[PDB]
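K.L.:
Here you go, this is work_28.cif (mmCIF, C-alpha atoms and all ligand atoms; chains and numbers go by the auth columns).
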data_data
#
loop_
_atom_site.group_PDB
_atom_site.id
_atom_site.type_symbol
_atom_site.label_atom_id
_atom_site.label_comp_id
_atom_site.label_asym_id
_atom_site.label_seq_id
_atom_site.Cartn_x
_atom_site.Cartn_y
_atom_site.Cartn_z
_atom_site.B_iso_or_equiv
_atom_site.auth_seq_id
_atom_site.auth_asym_id
ATOM 1 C CA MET A 1 154.026 64.312 87.789 0.00 1 A
ATOM 2 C CA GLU A 2 153.396 67.903 86.700 0.00 2 A
ATOM 3 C CA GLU A 3 156.290 70.310 86.057 0.00 3 A
ATOM 4 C CA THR A 4 156.620 73.997 86.972 0.00 4 A
ATOM 5 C CA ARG A 5 154.121 75.774 84.701 0.00 5 A
ATOM 6 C CA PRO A 6 153.988 79.587 84.410 0.00 6 A
ATOM 7 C CA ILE A 7 151.695 81.410 86.817 0.00 7 A
ATOM 8 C CA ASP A 8 150.016 83.408 83.991 0.00 8 A
ATOM 9 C CA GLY A 9 148.899 80.151 82.379 0.00 9 A
ATOM 10 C CA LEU A 10 150.157 81.091 78.888 0.00 10 A
ATOM 11 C CA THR A 11 151.666 78.491 76.581 0.00 11 A
ATOM 12 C CA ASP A 12 154.888 79.012 74.631 0.00 12 A
ATOM 13 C CA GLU A 13 152.700 79.481 71.543 0.00 13 A
ATOM 14 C CA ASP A 14 150.592 82.138 73.353 0.00 14 A
ATOM 15 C CA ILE A 15 153.805 84.072 74.146 0.00 15 A
ATOM 16 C CA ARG A 16 155.124 83.536 70.604 0.00 16 A
ATOM 17 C CA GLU A 17 151.856 84.998 69.234 0.00 17 A
ATOM 18 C CA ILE A 18 152.171 88.057 71.488 0.00 18 A
ATOM 19 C CA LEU A 19 155.835 88.590 70.516 0.00 19 A
ATOM 20 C CA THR A 20 155.036 88.222 66.804 0.00 20 A
ATOM 21 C CA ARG A 21 151.933 90.384 66.592 0.00 21 A
ATOM 22 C CA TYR A 22 152.018 93.012 69.377 0.00 22 A
ATOM 23 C CA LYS A 23 155.088 95.137 68.694 0.00 23 A
ATOM 24 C CA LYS A 24 153.868 98.625 69.722 0.00 24 A
ATOM 25 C CA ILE A 25 155.263 98.710 73.268 0.00 25 A
ATOM 26 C CA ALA A 26 154.941 101.327 76.047 0.00 26 A
ATOM 27 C CA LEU A 27 157.960 100.557 78.212 0.00 27 A
ATOM 28 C CA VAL A 28 157.133 101.966 81.658 0.00 28 A
ATOM 29 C CA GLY A 29 160.077 102.828 83.880 0.00 29 A
ATOM 30 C CA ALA A 30 162.338 103.416 80.903 0.00 30 A
ATOM 31 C CA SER A 31 165.821 104.644 81.910 0.00 31 A
ATOM 32 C CA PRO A 32 168.966 105.932 80.106 0.00 32 A
ATOM 33 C CA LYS A 33 171.137 104.221 82.756 0.00 33 A
ATOM 34 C CA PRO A 34 172.924 101.349 80.942 0.00 34 A
ATOM 35 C CA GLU A 35 172.874 99.238 84.100 0.00 35 A
ATOM 36 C CA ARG A 36 169.056 99.362 84.528 0.00 36 A
ATOM 37 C CA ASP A 37 167.233 96.284 83.216 0.00 37 A
ATOM 38 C CA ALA A 38 164.702 98.618 81.513 0.00 38 A
ATOM 39 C CA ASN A 39 167.572 100.075 79.455 0.00 39 A
ATOM 40 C CA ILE A 40 168.921 96.634 78.434 0.00 40 A
ATOM 41 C CA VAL A 41 165.476 95.264 77.436 0.00 41 A
ATOM 42 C CA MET A 42 164.557 98.504 75.558 0.00 42 A
ATOM 43 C CA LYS A 43 167.788 98.307 73.521 0.00 43 A
ATOM 44 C CA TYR A 44 167.131 94.628 72.743 0.00 44 A
ATOM 45 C CA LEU A 45 163.524 95.173 71.692 0.00 45 A
ATOM 46 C CA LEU A 46 164.521 98.074 69.416 0.00 46 A
ATOM 47 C CA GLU A 47 167.119 95.784 67.788 0.00 47 A
ATOM 48 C CA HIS A 48 164.440 93.182 67.095 0.00 48 A
ATOM 49 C CA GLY A 49 161.831 95.337 65.341 0.00 49 A
ATOM 50 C CA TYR A 50 159.732 96.517 68.281 0.00 50 A
ATOM 51 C CA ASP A 51 158.378 100.079 68.264 0.00 51 A
ATOM 52 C CA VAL A 52 159.272 100.980 71.861 0.00 52 A
ATOM 53 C CA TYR A 53 157.872 104.166 73.388 0.00 53 A
ATOM 54 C CA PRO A 54 159.647 104.901 76.665 0.00 54 A
ATOM 55 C CA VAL A 55 157.339 106.046 79.518 0.00 55 A
ATOM 56 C CA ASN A 56 158.863 107.847 82.511 0.00 56 A
ATOM 57 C CA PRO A 57 157.784 111.386 83.560 0.00 57 A
ATOM 58 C CA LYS A 58 161.379 111.982 84.789 0.00 58 A
ATOM 59 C CA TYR A 59 162.914 111.931 81.276 0.00 59 A
ATOM 60 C CA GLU A 60 162.348 113.726 77.966 0.00 60 A
ATOM 61 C CA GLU A 61 164.270 111.238 75.831 0.00 61 A
ATOM 62 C CA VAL A 62 165.635 107.752 76.356 0.00 62 A
ATOM 63 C CA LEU A 63 167.883 105.886 73.866 0.00 63 A
ATOM 64 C CA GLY A 64 167.033 108.555 71.263 0.00 64 A
ATOM 65 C CA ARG A 65 163.303 108.014 71.580 0.00 65 A
ATOM 66 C CA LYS A 66 160.924 110.689 72.857 0.00 66 A
ATOM 67 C CA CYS A 67 159.919 109.688 76.397 0.00 67 A
ATOM 68 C CA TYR A 68 156.315 110.241 77.507 0.00 68 A
ATOM 69 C CA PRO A 69 154.973 111.016 80.982 0.00 69 A
ATOM 70 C CA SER A 70 152.061 108.513 80.707 0.00 70 A
ATOM 71 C CA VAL A 71 150.866 105.778 78.368 0.00 71 A
ATOM 72 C CA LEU A 72 147.923 108.040 77.445 0.00 72 A
ATOM 73 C CA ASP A 73 150.265 110.779 76.135 0.00 73 A
ATOM 74 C CA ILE A 74 151.628 108.513 73.386 0.00 74 A
ATOM 75 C CA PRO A 75 150.374 109.602 69.899 0.00 75 A
ATOM 76 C CA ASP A 76 150.174 106.080 68.456 0.00 76 A
ATOM 77 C CA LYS A 77 148.356 102.885 69.253 0.00 77 A
ATOM 78 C CA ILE A 78 149.953 100.870 72.025 0.00 78 A
ATOM 79 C CA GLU A 79 149.502 97.089 72.196 0.00 79 A
ATOM 80 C CA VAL A 80 151.674 96.038 75.156 0.00 80 A
ATOM 81 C CA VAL A 81 152.398 97.890 78.398 0.00 81 A
ATOM 82 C CA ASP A 82 155.785 96.467 79.502 0.00 82 A
ATOM 83 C CA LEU A 83 156.267 97.275 83.204 0.00 83 A
ATOM 84 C CA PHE A 84 159.651 98.061 84.839 0.00 84 A
ATOM 85 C CA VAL A 85 158.269 99.829 87.905 0.00 85 A
ATOM 86 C CA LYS A 86 157.621 98.696 91.456 0.00 86 A
ATOM 87 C CA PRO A 87 154.379 96.753 92.155 0.00 87 A
ATOM 88 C CA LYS A 88 152.346 99.612 93.668 0.00 88 A
ATOM 89 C CA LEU A 89 153.082 101.894 90.682 0.00 89 A
ATOM 90 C CA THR A 90 151.695 99.294 88.296 0.00 90 A
ATOM 91 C CA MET A 91 148.050 99.959 89.321 0.00 91 A
ATOM 92 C CA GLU A 92 147.988 103.405 87.727 0.00 92 A
ATOM 93 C CA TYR A 93 149.795 102.135 84.633 0.00 93 A
ATOM 94 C CA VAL A 94 147.300 99.306 84.192 0.00 94 A
ATOM 95 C CA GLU A 95 144.470 101.855 84.402 0.00 95 A
ATOM 96 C CA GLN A 96 146.225 103.887 81.688 0.00 96 A
ATOM 97 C CA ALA A 97 146.695 100.678 79.615 0.00 97 A
ATOM 98 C CA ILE A 98 142.948 99.973 79.802 0.00 98 A
ATOM 99 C CA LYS A 99 142.013 103.530 78.832 0.00 99 A
ATOM 100 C CA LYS A 100 144.544 103.405 75.966 0.00 100 A
ATOM 101 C CA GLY A 101 143.028 100.198 74.566 0.00 101 A
ATOM 102 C CA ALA A 102 146.209 98.174 75.006 0.00 102 A
ATOM 103 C CA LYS A 103 145.877 94.397 74.573 0.00 103 A
ATOM 104 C CA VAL A 104 148.561 93.069 76.900 0.00 104 A
ATOM 105 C CA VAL A 105 149.942 94.044 80.316 0.00 105 A
ATOM 106 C CA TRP A 106 153.399 92.522 80.833 0.00 106 A
ATOM 107 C CA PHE A 107 154.754 92.313 84.426 0.00 107 A
ATOM 108 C CA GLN A 108 158.586 92.061 84.314 0.00 108 A
ATOM 109 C CA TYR A 109 160.421 90.411 87.281 0.00 109 A
ATOM 110 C CA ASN A 110 159.673 92.032 90.642 0.00 110 A
ATOM 111 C CA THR A 111 156.777 94.171 89.327 0.00 111 A
ATOM 112 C CA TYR A 112 153.790 91.906 89.866 0.00 112 A
ATOM 113 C CA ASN A 113 150.734 93.421 91.608 0.00 113 A
ATOM 114 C CA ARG A 114 147.612 91.284 92.213 0.00 114 A
ATOM 115 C CA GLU A 115 145.152 94.195 92.241 0.00 115 A
ATOM 116 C CA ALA A 116 146.577 95.629 88.983 0.00 116 A
ATOM 117 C CA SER A 117 146.420 92.172 87.373 0.00 117 A
ATOM 118 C CA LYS A 118 142.792 91.933 88.603 0.00 118 A
ATOM 119 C CA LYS A 119 141.821 95.206 86.856 0.00 119 A
ATOM 120 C CA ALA A 120 143.538 94.148 83.617 0.00 120 A
ATOM 121 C CA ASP A 121 141.753 90.765 83.578 0.00 121 A
ATOM 122 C CA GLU A 122 138.302 92.244 84.233 0.00 122 A
ATOM 123 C CA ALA A 123 138.880 94.632 81.334 0.00 123 A
ATOM 124 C CA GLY A 124 139.812 91.748 79.038 0.00 124 A
ATOM 125 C CA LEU A 125 143.531 92.325 78.629 0.00 125 A
ATOM 126 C CA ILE A 126 146.053 89.521 78.398 0.00 126 A
ATOM 127 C CA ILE A 127 148.308 89.351 81.471 0.00 127 A
ATOM 128 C CA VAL A 128 151.887 88.156 81.168 0.00 128 A
ATOM 129 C CA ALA A 129 153.413 87.747 84.622 0.00 129 A
ATOM 130 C CA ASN A 130 156.924 87.235 85.956 0.00 130 A
ATOM 131 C CA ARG A 131 158.562 86.951 82.525 0.00 131 A
ATOM 132 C CA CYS A 132 161.024 89.126 80.569 0.00 132 A
ATOM 133 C CA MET A 133 160.202 90.226 76.988 0.00 133 A
ATOM 134 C CA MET A 134 163.883 89.907 76.039 0.00 134 A
ATOM 135 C CA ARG A 135 164.316 86.449 77.610 0.00 135 A
ATOM 136 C CA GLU A 136 161.055 85.136 76.135 0.00 136 A
ATOM 137 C CA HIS A 137 162.019 86.562 72.717 0.00 137 A
ATOM 138 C CA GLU A 138 165.513 84.981 72.907 0.00 138 A
ATOM 139 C CA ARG A 139 164.025 81.618 74.029 0.00 139 A
ATOM 140 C CA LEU A 140 161.161 81.404 71.517 0.00 140 A
ATOM 141 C CA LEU A 141 162.261 83.450 68.487 0.00 141 A
ATOM 142 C CA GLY A 142 166.051 83.858 68.723 0.00 142 A
HETATM 143 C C1 LIG B . 161.077 97.180 89.323 0.00 201 A
HETATM 144 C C2 LIG B . 162.575 97.519 89.367 0.00 201 A
HETATM 145 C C3 LIG B . 162.834 98.583 88.292 0.00 201 A
HETATM 146 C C4 LIG B . 162.876 98.062 90.762 0.00 201 A
HETATM 147 O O1 LIG B . 164.284 98.338 90.826 0.00 201 A
HETATM 148 P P1 LIG B . 164.870 99.479 91.769 0.00 201 A
HETATM 149 O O2 LIG B . 166.367 99.348 91.706 0.00 201 A
HETATM 150 O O3 LIG B . 164.067 99.542 93.027 0.00 201 A
HETATM 151 O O4 LIG B . 164.533 100.817 90.931 0.00 201 A
HETATM 152 P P2 LIG B . 163.357 101.862 91.133 0.00 201 A
HETATM 153 O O5 LIG B . 162.002 101.245 90.949 0.00 201 A
HETATM 154 O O6 LIG B . 163.637 102.779 92.315 0.00 201 A
HETATM 155 O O7 LIG B . 163.620 102.822 89.873 0.00 201 A
HETATM 156 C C5 LIG B . 163.665 102.238 88.566 0.00 201 A
HETATM 157 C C6 LIG B . 163.261 103.307 87.555 0.00 201 A
HETATM 158 O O8 LIG B . 161.883 103.505 87.745 0.00 201 A
HETATM 159 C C7 LIG B . 161.560 104.786 87.297 0.00 201 A
HETATM 160 N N1 LIG B . 160.293 105.239 87.868 0.00 201 A
HETATM 161 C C8 LIG B . 160.054 105.538 89.169 0.00 201 A
HETATM 162 N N2 LIG B . 158.777 105.958 89.263 0.00 201 A
HETATM 163 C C9 LIG B . 158.207 105.930 88.030 0.00 201 A
HETATM 164 C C10 LIG B . 156.945 106.282 87.539 0.00 201 A
HETATM 165 N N3 LIG B . 155.916 106.768 88.323 0.00 201 A
HETATM 166 N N4 LIG B . 156.703 106.158 86.222 0.00 201 A
HETATM 167 C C11 LIG B . 157.676 105.640 85.273 0.00 201 A
HETATM 168 N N5 LIG B . 158.983 105.334 85.824 0.00 201 A
HETATM 169 C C12 LIG B . 159.203 105.483 87.153 0.00 201 A
HETATM 170 C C13 LIG B . 162.735 105.632 87.838 0.00 201 A
HETATM 171 O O9 LIG B . 162.923 106.860 87.119 0.00 201 A
HETATM 172 C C14 LIG B . 163.912 104.663 87.774 0.00 201 A
HETATM 173 O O10 LIG B . 164.832 104.935 86.716 0.00 201 A
HETATM 174 P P3 LIG B . 166.099 105.894 86.950 0.00 201 A
HETATM 175 O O11 LIG B . 167.007 105.095 87.855 0.00 201 A
HETATM 176 O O12 LIG B . 166.704 106.114 85.577 0.00 201 A
HETATM 177 O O13 LIG B . 165.517 107.137 87.617 0.00 201 A
HETATM 178 C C15 LIG B . 163.474 96.322 89.059 0.00 201 A
HETATM 179 O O14 LIG B . 163.251 95.214 89.975 0.00 201 A
HETATM 180 C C16 LIG B . 163.185 95.969 87.597 0.00 201 A
HETATM 181 O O15 LIG B . 164.336 96.195 86.811 0.00 201 A
HETATM 182 N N6 LIG B . 162.588 94.666 87.419 0.00 201 A
HETATM 183 C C17 LIG B . 162.533 94.017 86.127 0.00 201 A
HETATM 184 C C18 LIG B . 163.737 93.087 86.112 0.00 201 A
HETATM 185 C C19 LIG B . 163.796 92.029 85.007 0.00 201 A
HETATM 186 O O16 LIG B . 162.596 91.803 84.297 0.00 201 A
HETATM 187 N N7 LIG B . 164.898 92.184 84.116 0.00 201 A
HETATM 188 C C20 LIG B . 164.940 91.376 82.918 0.00 201 A
HETATM 189 C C21 LIG B . 166.339 90.850 82.693 0.00 201 A
HETATM 190 S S1 LIG B . 166.233 89.498 81.494 0.00 201 A
HETATM 191 CA CA CA B . 143.771 106.054 88.560 0.00 202 A
HETATM 192 CL CL CL B . 147.746 86.938 87.355 0.00 203 A
HETATM 193 CL CL CL B . 165.864 114.389 83.849 0.00 204 A
HETATM 194 CL CL CL B . 169.875 108.037 76.529 0.00 205 A
#
Would you give me this structure, written as structure tokens?
Ligand SMILES: CC(C)(COP(=O)(O)OP(=O)(O)OC[C@H]1O[C@@H](n2cnc3c(N)ncnc32)[C@H](O)[C@@H]1OP(=O)(O)O)[C@@H](O)C(=O)NCCC(=O)NCCS
Ligand SMILES: [Ca+2]
Ligand SMILES: [Cl-]
Ligand SMILES: [Cl-]
Ligand SMILES: [Cl-]
P.N.:
Amino acid sequence: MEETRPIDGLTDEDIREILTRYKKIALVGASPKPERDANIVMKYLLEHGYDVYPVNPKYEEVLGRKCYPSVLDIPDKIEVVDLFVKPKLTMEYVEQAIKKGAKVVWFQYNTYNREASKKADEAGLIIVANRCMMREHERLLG
């Protein structure tokens, strides 16, 4: 009998390696609204040593961090693109992630897009799908 395994096929060690090594995060869909999940996860990641660049062309600053209108506008290397936007918006952000030389595209709950995941894979990025960075951090490293 096999148990529910994650759709992205990554082991707990694979996720642990990502969470340990890749800490330059572009958090797409960042929001200053305390009720938004993007706000909660951004606050958590900042508390745990992540360098979190908010990405949302609507805002100039989120949680005291300069907020950028695209992943490509960030003046630093970016390792993980952490997605908090609706599925169809993720295609453009994956294209930006590829151009930026990011290593990991991370689909948070309710953001998964098959075509975007396809592009990431073909470009050699790691895909994390239907997981939360905060929940995975709490579970594996907390
Ligand atoms: C994807 C998700 C954000 C959709 O929720 P929703 O209520 O429909 O919200 P919307 O997508 O309309 O808007 C969310 C934010 O996206 C931002 N957004 C919209 N278009 C954007 C774009 N092109 N680029 C960057 N951000 C954008 C908006 O500004 C908005 O923030 P605001 O409310 O401060 O303006 C929601 O399902 C998400 O929170 N999923 C992740 C949940 C989960 O992983 N939580 C973890 C808990 S452990
Ligand atoms: Ca494009
Ligand atoms: Cl996938
Ligand atoms: Cl604004
Ligand atoms: Cl704020």
K.L.:
Mind listing the residues within 9 Å of ligand CA 202 (chain A), all atoms listed in the file counted, as a list in words?
P.N.:
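The residues within 9 Å of ligand CA 202 (chain A), counting all atoms listed in the file, are residues 91, 92, 93, 94, 95 and 96 of chain A.
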K.L.:
Could you save the residues just selected, with C-alpha atoms, as a short mmCIF file (atom, residue, chain, number, x, y, z; two decimals), in the coordinates of the input?
P.N.:
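The result, stored in again-v2.cif:
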data_model
loop_
_atom_site.label_atom_id
_atom_site.label_comp_id
_atom_site.auth_asym_id
_atom_site.auth_seq_id
_atom_site.Cartn_x
_atom_site.Cartn_y
_atom_site.Cartn_z
CA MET A 91 148.05 99.96 89.32
CA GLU A 92 147.99 103.40 87.73
CA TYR A 93 149.79 102.14 84.63
CA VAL A 94 147.30 99.31 84.19
CA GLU A 95 144.47 101.86 84.40
CA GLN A 96 146.22 103.89 81.69
#
K.L.:
Produce as a short mmCIF file (atom, residue, chain, number, x, y, z; two decimals) with C-alpha atoms, in the frame of the given file the set of residues near ligand CL 203 (chain A), where near means within 10 Å with only C-alpha atoms and all ligand atoms considered.
P.N.:
data_model
loop_
_atom_site.label_atom_id
_atom_site.label_comp_id
_atom_site.auth_asym_id
_atom_site.auth_seq_id
_atom_site.Cartn_x
_atom_site.Cartn_y
_atom_site.Cartn_z
CA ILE A 7 151.70 81.41 86.82
CA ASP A 8 150.02 83.41 83.99
CA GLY A 9 148.90 80.15 82.38
CA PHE A 107 154.75 92.31 84.43
CA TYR A 112 153.79 91.91 89.87
CA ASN A 113 150.73 93.42 91.61
CA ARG A 114 147.61 91.28 92.21
CA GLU A 115 145.15 94.20 92.24
CA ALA A 116 146.58 95.63 88.98
CA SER A 117 146.42 92.17 87.37
CA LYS A 118 142.79 91.93 88.60
CA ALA A 120 143.54 94.15 83.62
CA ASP A 121 141.75 90.76 83.58
CA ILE A 126 146.05 89.52 78.40
CA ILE A 127 148.31 89.35 81.47
CA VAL A 128 151.89 88.16 81.17
CA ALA A 129 153.41 87.75 84.62
CA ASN A 130 156.92 87.24 85.96
#
K.L.:
Enter the distance from atom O10 of ligand LIG 201 (chain A) to atom CA of residue 63 of chain A, in Å, rounded to one decimal.
P.N.:
13.2 Å
K.L.:
Once the PyMOL selection byres (((not hetatm)) within 7 of (chain A and resi 204)) has been evaluated on this model, what residues remain selected, and can you format them as a ChimeraX atom specification?
P.N.:
/A:58-60
K.L.:
Write as a PyMOL selection string the residues around ligand LIG 201 (chain A), taking 6 Å as the cut-off and counting all atoms listed in the file.
P.N.:
chain A and resi 28-29+31-33+37-38+55-58+84-86+108-111+132+134-135
K.L.:
One number please: atom CA of residue 23 of chain A to atom CA of residue 46 of chain A, in Å, one decimal.
P.N.:
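According to the coordinates, atom CA of residue 23 of chain A and atom CA of residue 46 of chain A are separated by 9.9 Å.
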K.L.:
Just checking: using all atoms listed in the file, which residue out of A:131, A:66, A:139, A:48 ends up closest to ligand CL 205 (chain A)?
P.N.:
A:66
K.L.:
For ligand CL 205 (chain A), which residue among A:6, A:54, A:101, A:64 is the nearest when counting all atoms listed in the file?
P.N.:
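Once distances to ligand CL 205 (chain A) are computed over all atoms listed in the file, the minimum belongs to A:64.
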K.L.:
Do you have the atom CA of residue 35 of chain A-atom CA of residue 87 of chain A distance handy?
P.N.:
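These atoms are spaced 20.3 Å apart.
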K.L.:
Considering only C-alpha atoms and all ligand atoms, can you say which of A:36, A:5, A:16, A:88 comes closest to ligand CL 205 (chain A)?
P.N.:
A:36
K.L.:
Skipping near chain neighbours, those fewer than 5 positions away, what residues fall within 10 Å of residue 15 of chain A using all atoms listed in the file, listed as a ChimeraX atom specification?
P.N.:
/A:10,20,128,133,136-137,140
K.L.:
Nearest residue to ligand CL 205 (chain A) out of A:102, A:72, A:62, A:45, using all atoms listed in the file?
P.N.:
A:62
K.L.:
Given the PyMOL selection byres (((chain A and resi 104) around 7) and not hetatm) and the file above, list the residues it selects as a list in words.
P.N.:
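That selection, the PyMOL selection byres (((chain A and resi 104) around 7) and not hetatm), comes back as residues 79, 80, 81, 102, 103, 105, 106, 125, 126 and 127 of chain A.
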K.L.:
Considering only C-alpha atoms and all ligand atoms, can you say which of A:141, A:40, A:26, A:98 comes closest to ligand CL 205 (chain A)?
P.N.:
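Using only C-alpha atoms and all ligand atoms, the shortest distance to ligand CL 205 (chain A) belongs to A:40.
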K.L.:
Tell me which of A:74, A:123, A:1, A:67 sits closest to residue 24 of chain A, counting only C-alpha atoms.
P.N.:
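Closest to residue 24 of chain A, using only C-alpha atoms: A:74.
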K.L.:
For segment 3-14 of chain A, take all atoms listed in the file, fit an axis-aligned box around them, add 8 Å to each of the six sides, then output centre and edge lengths in Å rounded to one decimal, as AutoDock Vina command-line options.
P.N.:
--center_x 152.8 --center_y 76.9 --center_z 79.3 --size_x 23.7 --size_y 29.1 --size_z 31.4
K.L.:
Find the spatial neighbours of residue 100 of chain A, counting only C-alpha atoms, within a cut-off of 8 Å - ignore same-chain residues fewer than 6 positions away - and output them as a PyMOL selection string.
P.N.:
chain A and resi 71-72+77-78
K.L.:
Could you pull segment 105-116 of chain A out of the structure I just pasted and write it to a file containing C-alpha atoms, as a short mmCIF file (atom, residue, chain, number, x, y, z; two decimals), in the first residue's frame?
P.N.:
data_model
loop_
_atom_site.label_atom_id
_atom_site.label_comp_id
_atom_site.auth_asym_id
_atom_site.auth_seq_id
_atom_site.Cartn_x
_atom_site.Cartn_y
_atom_site.Cartn_z
CA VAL A 105 9.63 28.10 -8.62
CA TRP A 106 7.38 27.55 -5.60
CA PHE A 107 3.59 27.29 -6.21
CA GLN A 108 1.73 28.13 -2.95
CA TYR A 109 -1.82 26.71 -2.42
CA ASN A 110 -4.27 27.63 -5.18
CA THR A 111 -1.59 29.02 -7.54
CA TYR A 112 -0.62 25.96 -9.56
CA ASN A 113 -0.51 26.34 -13.37
CA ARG A 114 0.47 23.36 -15.57
CA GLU A 115 1.80 25.44 -18.47
CA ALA A 116 3.94 27.61 -16.13
#
